[PDB]
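The next block holds one structure in the form of structure tokens; read it before the comments.
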Amino acid sequence: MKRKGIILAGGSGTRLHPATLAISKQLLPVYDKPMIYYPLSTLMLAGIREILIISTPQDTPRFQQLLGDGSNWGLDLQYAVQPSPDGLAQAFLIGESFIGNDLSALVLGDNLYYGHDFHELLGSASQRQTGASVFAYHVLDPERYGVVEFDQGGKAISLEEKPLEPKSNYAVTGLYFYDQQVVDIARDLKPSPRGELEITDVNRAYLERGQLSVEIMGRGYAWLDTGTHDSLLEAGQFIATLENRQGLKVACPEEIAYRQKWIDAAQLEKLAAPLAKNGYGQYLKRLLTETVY
Amino acid sequence: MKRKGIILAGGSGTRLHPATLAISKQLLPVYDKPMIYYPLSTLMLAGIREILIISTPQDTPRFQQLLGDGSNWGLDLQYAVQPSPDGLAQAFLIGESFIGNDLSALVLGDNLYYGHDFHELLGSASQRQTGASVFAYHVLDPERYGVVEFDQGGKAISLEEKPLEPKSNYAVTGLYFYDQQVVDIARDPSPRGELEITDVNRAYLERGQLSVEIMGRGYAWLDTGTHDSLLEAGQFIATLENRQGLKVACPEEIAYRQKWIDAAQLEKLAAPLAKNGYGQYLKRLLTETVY
Amino acid sequence: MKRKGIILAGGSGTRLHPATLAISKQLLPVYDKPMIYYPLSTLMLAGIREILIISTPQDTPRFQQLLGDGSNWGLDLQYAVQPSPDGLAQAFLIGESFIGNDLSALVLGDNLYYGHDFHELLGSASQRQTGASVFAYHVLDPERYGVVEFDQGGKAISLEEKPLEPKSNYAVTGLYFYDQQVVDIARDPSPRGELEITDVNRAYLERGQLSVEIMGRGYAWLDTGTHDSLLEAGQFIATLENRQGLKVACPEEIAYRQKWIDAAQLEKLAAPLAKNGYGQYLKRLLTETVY
Amino acid sequence: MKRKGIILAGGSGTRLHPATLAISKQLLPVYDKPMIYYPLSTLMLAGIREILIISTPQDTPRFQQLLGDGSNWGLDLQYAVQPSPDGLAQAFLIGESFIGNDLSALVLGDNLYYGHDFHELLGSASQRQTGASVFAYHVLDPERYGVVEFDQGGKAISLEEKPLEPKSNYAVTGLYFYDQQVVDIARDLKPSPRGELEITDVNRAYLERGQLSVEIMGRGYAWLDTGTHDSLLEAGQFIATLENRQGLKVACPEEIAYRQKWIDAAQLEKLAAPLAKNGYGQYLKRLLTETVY
Ligand SMILES: O=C1CC(=O)N(CCc2ccccc2)C(=O)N1
Ligand SMILES: O=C1CC(=O)N(CCc2ccccc2)C(=O)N1
Ligand SMILES: O=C1CC(=O)N(CCc2ccccc2)C(=O)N1
Ligand SMILES: O=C1CC(=O)N(CCc2ccccc2)C(=O)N1
Ligand SMILES: [Cl-]
Ligand SMILES: [Cl-]
Ligand SMILES: [Cl-]
Ligand SMILES: [Cl-]
């Protein structure tokens, strides 16, 4: 069965103004590439090629102008708008006809993931054709997230959205896998007390049916979010340190598509040409004539 | 006499791609505000209110959308396009009718300055109504800049553009003050195929009309031209702002302190942004004395 | 009249353990040099050559091993021990016979200052031979410091130590100048069980002898008291040094520029370090003019 | 068969002066703990409890004063001096009687490792009772390291120490596993043209006998070194970003010994007591009453 992807690139409102008066949030760079390359790479590493980008009416054309239809990277990218920021779970109503009767995956536009065998840790989630899969990650400030409570045998028994009194330090990360029920679950939701269709309510719905798999994303993975000026900066420094140490890029879509066999050596060479003058083009050119294990 | 300002916010080419496939370099943020706010604040701190922004045809509307005509901040901002990146000295040909018969000042769009009594160090340059003024600053890699050589008595005797063998570690920073002769000097290419600002400055030096002031080690002059240096500049500005609770290069603040806009106008500007830290900061400025 | 200096480099307790189980906080490096070089350079920039370092019994030998008696840098460094951390004002009782009948200056061991004409901003404080002088600096978290309140005409009217409800955002920085009365003021505990420097400063304020000078936003005053702030201060100093090719708080440099040691002495100091960047930097200073 | 560990904490000379006039290099902190906690944690994660720390005559007592005999953390730590920095391979001559007839592992004192299932990636190396095991890692500046060349089928065929013209971008990291031959291999070495007993010559000796296993440490691992002022700073920022995001520490020996079952809850509580006032003590206390997966 096919799995489709959605990237939710919502409007951060005026919270990052005036930086985001110039460019949309998920167009801001993290070190050396646009923020949106990171969640796109995550979907690509899960084996997902068919992807809907959802953003504001102002920002959608800008994502389109940047990314096109994805064919240069062996992807099929489509676009849709969220007129009003009425909660993340709206992505499934907006995305209803894109999803059709297929399996899906949702990723937040400002989330970055780094670590080992990331290709394989997503594989187990992506292959599960029934129910929902999410990842829990130990954090210092769980109040800011969806928080998962486990019983004494490590079984997930409760999910709470931004609790004032968190039950654990396990946050739910911004990457979600769903089966064919998610659209119908979303339509039956009622708005929260904040006036939003919450993704945690979608996840609670699967939990109450005993169909939520909660996998642990271990301490040896980096899950970062780029939602404040401070966290964007930190994420920049983190990616720069890795790239400058390794001479290998994090979340380079051209590279990921080449290694996945979605584009070939000739196509990668064409992509490198316009950028040959700068470090990013030189990097893509180097990939053709080097074995990276 | 009036002094007009020019900000050269040109096409970064492909050097910062793909980050700048989203936008021109001078729209990228340095920590919490667009790059272009920093050179704009420098011009404002020199007392300059009438400013021409020069950028690519593609980027001009984006600067316009960000900054408008400047009237909200007591400024008069105008725009011009540079079809092709043919050297920094082209700013005076493109900007010829904007400048008219007035004094001018040119600043590069990716330069940031921080330090003490900055308002006052620019004052002496801005109020000199004859000849040209530039600033020299000790750097580690002078080969990347215009380099000034001094004689034993501290007099400038030579300028060189990006020398492979620099004569000193004094770079000429990206801020230049000119009198009414600069357009005519400019109208009169290098081996690289560009109209060099260093040739304009050499022209003033050879007629004995170049003031070279030292910008001391207690000032920060940073360049935001690479991915690495943009990140560094971000960390630097964050550290200062988070330490002080005072912003670097907030134009609304600078206009308010210059008396270009008043308390009521500042309050209006703060309203739309009230929900975020930047709006809250502008609101706090109304009810606090900063010395 | 002579002014003597004191650096309080006391026991950080257990707050930075286990990092400081290796050494006292003021021996940790800020980027490329020990923390203590920064407050020592501040005292030197004020013209102070005779300096008492106060630290724990365990740490004193380590400071001594690092710094010696100071003669290599044209200084006279003396050491005293603080058995117990009983407040910053204890420095004047411990330091009583070192001070004698002279003027004094106290600096905290984990404070760093950067900015323009810093030599000259300290000069006005250092040369005031009567009363006390402190500096006020706008900060984001004034609750962590001594806080000064000003009246409508910018006169200091109140000082409070770590107030839960600060009257302003002006903190008193960790650098203090005193006349001959401070020892007697000091000899005359808070609810926390400590001899507070803010009580010493209040005493001078109540006799109308406290000069409170503003350290403006164009200066950097950083505190290296947490793991996070020490890291930030490191990044800040690295950015400046790597931009300029000039060091912050290099005592050998400061002594050379103050004329306390000469070219031959500086060359001797550079020899043992010739293999690393710090030695190479001292060697470069001999054959370059820095304005 | 037992495996013993050596941490080489050598004298960086005057290269980091004057910072290292106050404290020895491997006593400098990386963010919130002494540099040496990081390579010690690496050895502990390989299951090694018996460890020799080698450093200069000036620095050895300082390591002793910091770490003791290791019994508080369920370790057995011993100390030895290297009078003169005559190459890293000297560690096996100095360490000869400590090693005895056992298997060994050498780790450099200024190397930091971060990533997933790190416990398990070392397990395969630690269990190999014959020959030597090293790790290769893609880097940007391979000239600074021991560089491994691979043939077309991914077999290691050459090792070069700091080559002017590197054959690949695969550096050998500062962690080495050896069998009972390493002492004898080291004694038969001749000094290099630089006047040092090189670890690369020890590794070449195993390669020429076909007994060098070279495993790839993938791009999803962070291998950092803390040998310059700049790299020490970068490593600090990197560790701070991870710790402040996760509320979990990197390379906390007390934690690693507790999770390995080398010390128990009561012993961990005793260790936390003296430090209760600060964040590190509070962290150890929190570990007693939380499940970390
Ligand atoms: O940020 C990344 C993470 C990553 O794992 N990779 C390697 C991905 C890969 C490897 C082999 C087969 C298929 C895919 C990457 O190019 N960039
Ligand atoms: O980035 C800055 C640097 C600065 O100096 N200032 C102070 C400006 C000022 C102008 C006129 C009278 C008094 C103060 C600022 O608001 N932002
Ligand atoms: O950290 C610093 C800050 C500073 O201003 N200086 C310049 C000191 C000086 C002293 C006397 C005459 C001229 C210059 C320095 O060498 N290191
Ligand atoms: O820097 C680290 C890396 C690490 O993996 N861990 C967990 C280690 C562990 C887990 C389970 C059983 C045995 C050991 C750690 O405490 N600190
Ligand atoms: Cl893990
Ligand atoms: Cl200066
Ligand atoms: Cl100032
Ligand atoms: Cl990997």
Side-chain angles (χ1 to χ4, degrees), chain A residues 5-45 48 51-70 73 75 77-88 90-91 94-95 105-114 173-176 199 223-236 238-239 249-253 256, chain B residues 16-24 27-29 31-34 62 65-66 227 230 234 276:
Chain A
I6 303 176
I7 303 176
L8 193 45
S12 77
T14 65
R15 291 189 306 257
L16 299 178
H17 282 353
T20 48
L21 255 160
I23 353 168
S24 19
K25 178 160 91 113
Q26 302 83 1
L27 293 171
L28 298 175
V30 183
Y31 182 51
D32 60 346
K33 68 190 81 70
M35 191 181 301
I36 198 149
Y37 276 31
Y38 297 86
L40 178 64
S41 293
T42 303
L43 290 184
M44 297 175 73
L45 289 163
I48 301 175
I51 299 172
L52 182 70
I53 291 150
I54 299 177
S55 64
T56 62
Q58 292 54 54
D59 292 325
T60 302
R62 303 221 207 101
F63 290 114
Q64 216 158 61
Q65 287 158 201
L66 179 64
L67 299 173
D69 65 14
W73 303 341
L75 303 177
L77 302 174
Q78 289 173 55
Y79 302 97
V81 302
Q82 184 180 25
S84 184
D86 297 350
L88 313 172
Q90 264 217 301
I94 295 175
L106 178 73
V107 68
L108 304 178
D110 68 350
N111 275 212
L112 309 209
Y113 294 95
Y114 163 83
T173 79
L175 176 66
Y176 319 88
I199 198 86
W223 168 50
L224 296 174
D225 71 6
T226 52
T228 62
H229 294 311
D230 292 338
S231 78
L232 176 54
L233 193 56
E234 273 178 299
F238 188 84
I239 294 304
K249 281 186 184 305
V250 182
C252 171
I256 294 169
Chain B
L16 291 81
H17 278 143
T20 49
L21 257 155
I23 36 96
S24 171
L27 293 164
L28 301 170
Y31 183 53
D32 59 347
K33 68 189 81 66
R62 301 182 202 187
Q65 180 153 107
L66 178 67
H227 293 311
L230 176 51
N276 73 68

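Order of the sequence lines sets the chain letters (A, B, ...), proteins ahead of strands, with each chain counted from 1. Only heavy atoms go into these numbers, but all of them, side chains included; no hydrogens, no water, no symmetry mates.
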Does any non-hydrogen side-chain atom of [Y] lie less than 4.5 Å from one of [X]?
X: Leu112(A); Y: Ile239(A); result: yes
X: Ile7(A); Y: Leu52(A); result: no
X: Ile36(A); Y: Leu67(A); result: yes
X: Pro34(B); Y: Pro18(A); result: yes

So that I know where these two stand, are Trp223(A) and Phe238(A) an aromatic pair - ring centroids less than 6.0 Å apart? no
Measure the spacing between [atom1] of [X] and [atom2] of [Y] and express it to the nearest 0.5 Å.
X: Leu27(A); Y: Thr20(B); atom1: CG; atom2: OG1; value: 12.0 Å
X: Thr60(A); Y: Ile54(A); atom1: OG1; atom2: CD1; value: 9.0 Å
X: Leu224(A); Y: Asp110(A); atom1: CG; atom2: CG; value: 11.0 Å
X: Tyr38(A); Y: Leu43(A); atom1: OH; atom2: CG; value: 15.5 Å
X: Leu28(B); Y: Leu16(B); atom1: CG; atom2: CG; value: 7.5 Å
X: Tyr31(B); Y: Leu233(A); atom1: OH; atom2: CG; value: 7.5 Å

Nearest non-hydrogen partners of [X] and [Y], listed with the distance:
X: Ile23(A); Y: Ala22(B); value: CG2-O, 4.0 Å
X: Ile94(A); Y: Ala80(A); value: CG2-CB, 3.7 Å
X: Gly236(A); Y: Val30(A); value: N-CG1, 3.8 Å
X: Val81(A); Y: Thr56(A); value: CG1-O, 4.4 Å
X: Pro29(A); Y: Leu232(A); value: O-CD1, 3.7 Å
X: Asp59(A); Y: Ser24(A); value: OD1-CB, 2.9 Å

Would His17(A) and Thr14(A) count as a side-chain hydrogen bond (donor to acceptor under 3.5 Å, both in side chains) if you check the C-alpha gap in whole Å, the side-chain angles of each, and the deciding distance to 0.1 Å? CA-CA 5 Å; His17(A) 282 353; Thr14(A) 65; 5.4 Å; no
Among pairs that include at least one residue of residues 31-45 of chain A, which meet salt bridge (charged side-chain N to carboxylate O under 4.0 Å, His left out), considering only residues two or more places apart or in two chains? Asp32(A)-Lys249(A), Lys33(A)-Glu243(A)
Using modelled atom types and a 3.5 Å cut-off, is there a donor and acceptor pairing between side-chain atoms of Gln82(A) and backbone atoms of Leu8(A)? no
Do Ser231(A) side-chain atoms and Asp225(A) backbone N/O form a donor-acceptor pair below 3.5 Å? yes
Side chains of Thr173(A) and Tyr113(A): donor-acceptor distance under 3.5 Å anywhere? yes
Hey, are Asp230(A) and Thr228(A) close enough side-chain-wise for a donor-acceptor pair under 3.5 Å? no
Stepwise, does the side-chain contact (heavy atoms from CB on, under 4.5 Å) test hold for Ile6(A) with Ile51(A)? CA-CA 5 Å; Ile6(A) 303 176; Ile51(A) 299 172; over 6 Å; no
Going by the side-chain contact (heavy atoms from CB on, under 4.5 Å) test, name the single residue among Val107(A), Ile53(A), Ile256(A), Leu77(A) that passes it with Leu40(A). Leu77(A)
